[PDB]
Structures are given as C-alpha cells and as structure tokens.
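All remarks here apply to the structure that follows.
2 protein chains.
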Amino acid sequence: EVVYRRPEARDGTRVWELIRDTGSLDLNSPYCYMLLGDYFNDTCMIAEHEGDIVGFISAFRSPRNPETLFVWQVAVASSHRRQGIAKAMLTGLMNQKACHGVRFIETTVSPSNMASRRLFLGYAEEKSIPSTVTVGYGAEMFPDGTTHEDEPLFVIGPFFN
Amino acid sequence: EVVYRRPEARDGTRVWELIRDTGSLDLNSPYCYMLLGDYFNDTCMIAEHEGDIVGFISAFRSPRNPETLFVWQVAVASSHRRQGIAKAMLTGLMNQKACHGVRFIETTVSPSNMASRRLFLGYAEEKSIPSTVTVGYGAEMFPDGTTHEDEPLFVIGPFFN
Ligand SMILES: NCC[C@H](N)C(=O)O
Ligand SMILES: NCC[C@H](N)C(=O)O
Ligand SMILES: NCC[C@H](N)C(=O)O
Ligand SMILES: NCC[C@H](N)C(=O)O
Ligand code: NA
Ligand code: NA
Ligand code: NA
Ligand code: NA
Ligand code: NA
Ligand code: NA
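Note that the protein sequences, when read in sequence, are chains A and X.
Residues 8 to 168 (the UniProt record's numbering) are what the first sequence spells out, left to right.
Residues 8 to 168 (the UniProt record's numbering) are what the second sequence spells out, left to right.
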C-alpha cells in the first residue's frame, strides 16, 4: 500500500515540507526540490501513502563518474518509520533503466544518523559488497554561527567490475 | 585583476555566505554548496578579488539532455556590481573542455531580477541566438507561509545544429 514513483517539479513544495519536518537533514530551498523533480527525477524517488508524501530520496549520477550514484538526502516521515520505506526507495534507484549501472554508491552520513547508517551498511552487507567510511566534510568546514556534525563519506562498492 | 576558477568542496561556506548576502536568491544549505564544488565543479565558477569571493555561478548539464546547461544561481557581490563579472563567469561556463557542447542554456529569472535578465538576453543577442521566455515555476507552486515571485523559464538556443 505505500506506492513509489519519480518526483516531478510540482512535488517540490510537498517534498520541501517533508525535509523541513526531518530535523536530521539540512533544509534546502523549495526551488532546489522543484529542480530535483524537473531535472534529476531519474535518480530521485517519492513514497506516498493515503495522499501524503511519506518518503523521499534525492540522488544524482556524478558528472565526472557516471557509474557513481551520490545519495544526497533520505527522508521518511516520522509516522512511517521502521516499515522498510527507505530501503524500498534505495532499491528503486538501484533497479532501473539507466545507460550505466551503479558501480558505487557515495553518500555522507553524520554519526547521529543511525537509521541512515544502518540503511547503507545493511544494503552493502545484504549484497556482499564492500563499504568504506572516510573523512567527508568535517564540522569545521561549516559556517561560523551555525552548529553541524561531521559528514563522513561512505563509499559502497564496487557493485561489479 | 578579478580571477576566475572552478569551485571546490572547501569553498562551500564562503559561497553560501555570498548567496546569503544576495537577497534576490533563495538560500540553500551550506552542504548544497559543498556538493556543487565537489561534484558539479565543471559547470560552476567562482570569481575572486583581493581574497574575497565576489561572484559565483552554479549550473549543471541536464541528466536527460547533456547538451542543455541549466544555470541555477548567479551571484555577484554588491561591492562588485556593473564590472562584467557575471558575463565573465557565464562565458567561462560556455568556453571549456566538455564532451558535449552547450546547445541550450535553460535558467529561470524572476521579474525583479533585472541584472540577470539583461545577462542572459544580452548574451543571446551578442551571439545572435534565439531566446524564449515561458511559464516556468509559478508563485503558486511555492510553500504556504512563504512569499515568492514567478520563475519564468528562459531557453537560450540552439547555439548550433
Ligand atoms: N546525507 C545528508 C547530507 C546532509 N546532512 C543533508 O541534509 O543534505
Ligand atoms: N534512513 C532509514 C530509516 C527509515 N525509517 C526507514 O527504515 O524506512
Ligand atoms: N535563478 C535563480 C532561481 C532561484 N530563485 C534560486 O535562487 O535558486
Ligand atoms: N546577474 C548580472 C549582474 C552582475 N552585476 C554583473 O553584471 O556582473
Ligand atoms: Na535555490
Ligand atoms: Na519505513
Ligand atoms: Na528502511
Ligand atoms: Na543539503
Ligand atoms: Na560585475
Ligand atoms: Na556582467
């Protein structure tokens, strides 16, 4: 009964509202999410239940390295936690029609983000694929006048050779 | 004496600070700008003068249509207006090493954004290339509880056939 689809530009505001409700994430402009649905919809997903958006994932193929999928934001409505929605979304991005397969997933996961860490490391373990965690963007790179955790880099792959 | 370069992830915060100072633009997270410099640096530019970032442009090749360059944000520090910095940045994105040439520029320009409109329409006129303005994202697509102008779609091209 949760249904999955690609976003469209018109979903921008309802996606933004979901991100704003997901305090673990850094909120971008509404326009950013319109853009994601207009231009990056092949590498993003929405989950919907009873009208409402209950999940979103944003991602893109890296312009330099088209076999690398960068996963930007994973959001699941607080009402719909622990139902497999994030894993269904990620599986959706990985089983699709693209020219190039996904050889690597890259993403950053702050230490507090337990659910996201278990999503990615659990996917890697299920598939028997290596995962590496390295310094990504440290807290010290963030603006003065704002508090932020480290964003360590997770690299999942190679999925194939 | 203004110098132009591709951004890097480490420029994220100083770029964010510039956007935040550019009230015509919608401010994204600092993390967004780190990402732009890490993954999209081939289609972004920074202008620097006496240490300070005085200009930035963000853009990407459309994943579906790699000959289309989408120009996302154009920012010029208030101290450095009317010196050709935006035009130098855009020229930079258009004269480079990519696999595919830029057949179309797409961008949105709200009515209040006079400088940006003259940038794009003036570039098109200089090059003798058509420009079209159509409904892009209307004010009505934006969130309740927030005020926003229309974002009409500008399509500049074809630059070649
Ligand atoms: N993976 C999330 C990275 C960042 N904290 C964001 O919200 O964009
Ligand atoms: N980011 C992963 C967490 C989410 N509750 C889910 O499991 O669907
Ligand atoms: N061209 C700018 C589009 C939008 N107002 C932004 O700031 O992202
Ligand atoms: N967005 C264009 C305006 C900027 N002052 C410039 O001309 O450099
Ligand atoms: Na924006
Ligand atoms: Na869930
Ligand atoms: Na899940
Ligand atoms: Na972000
Ligand atoms: Na200028
Ligand atoms: Na200019």
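Idealized CB from N, CA, C, for every residue including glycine.
Query, Result
"Cβ contact (3+ pairs, closer than 8 Å) linking the stretch 79 to 92 of chain X and the stretch 60 to 68 of chain X", "yes"
"Residue closest to residue 7 of chain A, alpha-carbon to alpha-carbon, out of A/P150, A/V81, A/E158 and A/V109", "This structure does not reach residue 7 of chain A, given that chain A is present from 8 up to 168, and the question cannot be answered."
"Element boundaries [alpha helix (DSSP H), containing A/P37]", "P37 to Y46"
"Touching by the beta-carbon criterion (3+ pairs, under 8 Å), the stretch 34 to 44 of chain A and the stretch 28 to 38 of chain X", "yes"
"Distance, X/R110 Cα to A/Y40 Cα", "25 Å"
"Environment of ligand 2 in chain order, Cβ to heavy atom below 5 Å", "A/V81, A/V83, A/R88, A/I92, A/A93, A/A122, A/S123 and A/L126"
"Inter-residue Cα distance where the pair is A/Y46 and X/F77", "9 Å"
"X/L97: CB within 7 Å of a non-hydrogen atom of ligand 1", "no"
"Other residues of its chain near X/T75: CB distance less than 6 Å, five sequence neighbours each side excluded", "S69, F111 and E113"
"Cutoff 6 Å; reference X/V22; Cβ partners in own chain excluding five residues on either side", "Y40 and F63"
"Range covered by the beta strand (DSSP E) that runs through A/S138", "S138 to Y144"
"Within the stretch 59 to 124 of chain A, ranges of the alpha helix (DSSP H) (whole runs, at least 4 residues)", "92 to 101"
"At least three beta-carbon pairs within less than 8 Å, the stretch 123 to 136 of chain X to the stretch 10 to 26 of chain A", "no"
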